[PDB]
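The numbers here are math on the coordinates, done by the rules we state, and not lab data. Here Cβ is always computed from backbone atoms with ideal geometry, including for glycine, and neighbour counts include all displayed protein chains.
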Ligand SMILES: O=N[O-]
Ligand SMILES: [Cu+2]
Ligand SMILES: [Cu+2]
Ligand SMILES: [Cu+2]
Ligand SMILES: [Cu+]
Ligand SMILES: [Cu+]
Ligand SMILES: [Cu+]
């Protein structure tokens, strides 16, 4: 398309919502290509990542870890206004794995505190894709400080299974998984720091062990539990988008399955089916579609169970509806032999 | 099906066999849906896992690490009687990844020592699937103490390739891979404990390093080597089911291939073909189909070779038959 | 085929080239099956792997880490003359994951210093495959000393997508990724040794932590950058072959994609498409096909960004051509 033709396209401004929720969108594209406009302000902020009060100096797109999910359709243009407020201390940028050129956009979006930039790219390939900050020489430090999220580029005709049958979800959640590397003192207690820069050297030492201290969804241990548990109902079709910008994960819905899983995250690659546990390599997003069949509490985990239950990578679903004894029944409840 | 229809299905009791062997079954389903009944007794016991006398307080379905492979067909029911003898000291349960609801069955099967339970679930999806104990708040500890196994839910018409051609194995083995995290004292010597709970805190410390001290098949270093090597013959078709309930693995048959590999373990997902090394993520089972073409000793490994040859994740196959010089020949033997 | 049939086949001698370049070959097979002849001399040599002067005692096929890429076509025979010069100190061999029998050839190729051997195998399965040394009892040590490479067995009709459309590359590069385990002294300084055997005990200790000190392409931090940046132009189709003989990796072309990725490395397994980041398990090779659409510098990385940018797993592409503002444009350049 020419500059003139792109200029002639409809514009749509989107208001982002905080994960695990996803902004209003249509599964099947409404009309022809558009320039879909997003704005995000980067916040360097102290966050608490567990119930003990362990702090991280997060580097957060839109003030959240993960950054929010942006949704467009194939061959739309995503136009992001990225703002680095003067209250921040570091240069930041953005690399969209969905985009083509200039290191995903990073080469064109290097912004110092007090600066902004506007990047447009054509979303040529359908799928869920990681985005993350990547300042040359400081790349993993920004990413493992939480400066990453994902986008979804839906096919214009919405989702389909591997064999051309339409798949329409009732709801969608975005689970961003974060590996954190928090320095410890000689007693093994987590250290606190005044400014982000003060933590750098100690943090790099931990990073180099390739062993995170915390592995979390939505920025903290237990973030998606209690009144923040995800919800569904028997019969409800749910898409769960999962990303990990730095490190492998292996998602699993305890008590359920991934009926269709685009484990590579790319919609032109046919989904795996009937999955127990799927695999998303570091630097990617994936997506799983499931129709709930049983009510009750589910845990959604990274199925390295140490990572899930010791390090933090467990979320909950609360599911309403009628129990199905055909699918599962307690023939004899726990009772004396 | 209706209530009366479910109640009217035949019930069949099947006797289990210790891994890597698999109980007798038919690849193509015999008759209509059945309620297939299994019983397992949980054993808490000390096992030695290496050549240095290193002990683990194993928590073992049916007395083995891994627990045995249960085989049913799609749309059968699996009905397990799980027994926790009063001589045990921990509560246990079971989560079948093959099952739908109540955390895979874990929510319905929490049995204290001296208790038993019977769980039935419909095996709605074909594939190999992990099962494991998962007492809330102590999940990974039970799993990495060896309390895990797998099941196979065969398609009612048996296995097929990506094009619909039948794939019929002559034999099947179940390799359960176990990551262990054994505490050491400050001199590097592995510690021993009187009771399982005594090891809890020290073990969780090792677990949190995400670095197993041992990675083993069938519960110990060298368990599937030497006189306990698996066997085959040239021309024989072998299915190798492999599980890892907690941690990634990358199986490889040294000297062979995975001709067809359901790497995700699910039979409705078409198998990869001609595989050198396949990948099974922690929390899953996979299955590889191979026709042996050469005789001799094979090694079957997790192809992180440090895990295989330093930490214990190596098995052998002993294969009989005639050497095929077309496939491979020594044109010049090692010579000065 | 019979011995007589094989003896009648055309022979072709190949001259290997150092990675990431690949020796001259045809994508579509030229004529019927051939016996394709290769020779490699093993060099035990010191390599410097980072800008701190850190040394590894490399065990290098053809003097490089990784060893060179050998290219044949399906149902060709690969005939390798492998030489262990008297200047070396250890026994070596070679295991081809592409091969069938005798542990991939390792059982037939054990050569002491001063010995040579000739192995012929039939390349029956199309794909990219790891090869590596594997001396019994010292396997991971040789592999993590850099004694590994890969081969490509092309389909006789060259590459195709999942739907039979031809895929023809203009350029091919071979990236061998290496995990190294370098001992450190009490001050955290990397240790140096004056013979490979001297380093064994200390190196095994590091290996057992499963935590590499370095993860590198082509034997060193920054190897495939600057003078060794890989090159292309807008419109050019490039195949990137990537191997890792011991440890998982997750390749990613920063600024680009894998348009078609044989993530398992096997050409009869249909390629994934539009990949951001693909996954290659330890013990395997994979291949990605991409058509460049934008000029400029790309980084090609293992997308565990700590592994890429702290441990060394980062390469560059330098791509010439015209910028495409339709695909990407700076609407507002960084400004107050
Ligand atoms: O599927 N329970 O980890
Ligand atoms: Cu990236
Ligand atoms: Cu589980
Ligand atoms: Cu190998
Ligand atoms: Cu940043
Ligand atoms: Cu248990
Ligand atoms: Cu060697």
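Values for this structure:
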item	result
Residues that are surrounded by 22 or more Cβ atoms within 10 Å (Cβ to Cβ), in a loop (DSSP other than H, G, I, E, B) and either within 14 Å of chain B (Cβ to nearest Cβ) or free of Cβ contacts under 8 Å to residues at least 24 places away in the same chain (or both), drawn from the stretch A:222-254	A:247, A:248, A:250
Top-ranked residue in the stretch A:89-121 [being touching a helix residue (DSSP H, G or I) at 6+ places or on another chain (Cβ under 9 Å) and more than 16 Å from ligand 2 (Cβ to nearest atom); ranked as farthest from the other protein chains (Cβ to nearest Cβ)]	A:89
So residue B:231, is it surrounded by 20 or more Cβ atoms within 10 Å (Cβ to Cβ), on the phi < 0 side of the Ramachandran plot and touching a residue at least 12 places away in the same chain (Cβ under 8 Å)	no
Positions within the stretch A:161-201 being in a helix (DSSP H, G or I) and out of contact with any strand residue (DSSP E or B) (no Cβ under 9 Å at 6 or more places or on another chain), in sequence order	A:200, A:201
Options A:255, A:283; residue that is on the phi > 0 side of the Ramachandran plot and either within 16 Å of the chain's Cα centre (by Cα) or away from ligand 1 (no atom under 16 Å from the Cβ) (or both)	A:283
Filter result (under 24 Å from the mean Cα position of the chain (by Cα) and closer than 30 Å to residue A:207 by Cα) within the stretch B:194-208	B:203, B:204, B:206, B:207, B:208
Filter pass, residue C:152 being more than 10 Å from chain B (Cβ to nearest Cβ), in contact with a strand residue (DSSP E or B) (Cβ under 7 Å, 6 or more places away or on another chain), under 16 Å from residue C:287 (Cβ atoms) and crowded, with 23+ Cβ neighbours inside 10 Å	yes
Filter result (farther than 12 Å from residue B:120 by Cβ and part of a strand (DSSP E or B)) within the stretch A:322-337	A:333, A:334, A:335, A:336
Any chance residue B:69 is within 15 Å of ligand 1 (Cβ to nearest atom) and out of contact with any helix residue (DSSP H, G or I) (no Cβ under 8 Å at 6 or more places or on another chain)	no
Hits in the stretch B:39-51 - residues which are within 30 Å of residue B:4 (Cβ to Cβ) and under 17 Å from the mean Cα position of the chain (by Cα)	B:40
Any chance residue A:139 is under 29 Å from residue A:111 (Cα atoms) and either without any contact (Cβ under 8 Å) to a residue 40 or more places away in the chain or within 16 Å of ligand 6 (Cβ to nearest atom) (or both)	yes
Number of positions in the stretch A:270-288 that are buried (at least 23 other Cβ atoms within 10 Å of the Cβ) and either in contact (Cβ under 8 Å) with a residue 60 or more places away in the chain or part of a loop (DSSP other than H, G, I, E, B) (or both)	12
Test result for residue B:42, touching a strand residue (DSSP E or B) at 6+ places or on another chain (Cβ under 8 Å), surrounded by 23 or more Cβ atoms within 10 Å (Cβ to Cβ) and more than 25 Å from residue B:265 (Cβ to Cβ)	no
Residue B:86 away from ligand 4 (no atom under 16 Å from the Cβ), facing chain A (nearest Cβ under 9 Å) and crowded, with 18+ Cβ neighbours inside 10 Å	no
Among (1) facing chain A (nearest Cβ under 10 Å); (2) away from ligand 6 (no atom under 14 Å from the Cβ); (3) touching a strand residue (DSSP E or B) at 6+ places or on another chain (Cβ under 8 Å); (4) not in a strand (DSSP E or B) - the single one residue B:124 does not satisfy	(3)
Residue tally, condition within 16 Å of ligand 1 (Cβ to nearest atom) and closer than 18 Å to residue A:271 by Cβ, over the stretch B:253-302	5
Subset of the stretch A:298-312 [more than 20 Å from residue B:130 (Cα to Cα), at the interface with another protein chain (Cβ under 8 Å from one of its Cβ atoms) and touching a residue at least 60 places away in the same chain (Cβ under 8 Å)]	A:311
Residue that is nearest to the other protein chains (Cβ to nearest Cβ), among those in the stretch B:193-228 that are more than 30 Å from residue B:172 (Cβ to Cβ), in contact (Cβ under 8 Å) with a residue 40 or more places away in the chain and outside any loop (DSSP other than H, G, I, E, B)	B:207
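Residue by residue, here is whether (1) within 22 Å of the chain's Cα centre (by Cα); (2) closer than 20 Å to residue C:241 by Cα holds:
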site	(1), (2)
C:53	no, no
C:70	yes, yes
C:78	yes, yes
C:95	yes, yes
C:113	no, no
C:117	no, no
C:142	yes, no
C:161	no, yes
